[PDB]
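Just so it is clear, the values below take in all heavy atoms, side chains as well, and ignore hydrogens, waters and symmetry mates. Residue numbers start from 1 in every chain, and the chains themselves are labelled A, B, ... in the order their sequence lines are given, proteins ahead of strands.
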Amino acid sequence: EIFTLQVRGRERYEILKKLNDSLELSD
Amino acid sequence: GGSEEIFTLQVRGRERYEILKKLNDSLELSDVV
Amino acid sequence: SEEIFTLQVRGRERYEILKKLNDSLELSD
Amino acid sequence: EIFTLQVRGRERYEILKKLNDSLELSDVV
């Protein structure tokens, strides 16, 4: 199941992308 | 208020989406970053 | 008072991210 | 470089701990 999240702001997107990528690797 | 720019993040799995949505919603309200 | 917990965070940028999230959640909660 | 993050309350602590633990395993940042 794939979901899209709309993120406002460049830095906010980069933070949430990093967290997403981290969780993908760690889970 | 806040940034005018918008970017789509793809998330795999409901649990992970819920965590990230919670953070995203928090940041929209607080505007910390 | 709300009880204080600590996390040891490795790296300045990692710390800065988690601090911003902490502060955001304090404000939105 | 280790930074100590202070967090108020269990709910925020557990979210941030999950993230910190993930980041330690992945080293994304």
Original post:
Going through the distances and angles, do A/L19 and D/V29 end up as a side-chain contact (heavy atoms from CB on, under 4.5 Å)?
Top reply: CA-CA 9 Å; A/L19 297 179; D/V29 63; over 6 Å; no
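When side chains are defined from C-beta on, A/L25 does not count as touching D/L25, because their heavy atoms never get closer than 4.5 Å.
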Check chain A and chain D for donor-acceptor pairs under 3.5 Å and report each one on its own line.
unit_1 : atom_1 : unit_2 : atom_2 : d
A/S22  : O      : D/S22  : OG     : 3.2
A/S22  : OG     : D/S22  : O      : 3.2
A/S22  : OG     : D/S22  : OG     : 2.7
A/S22  : OG     : D/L23  : N      : 3.3
A/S22  : OG     : D/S26  : OG     : 2.6
A/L23  : N      : D/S22  : OG     : 3.4
A/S26  : OG     : D/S22  : OG     : 2.7

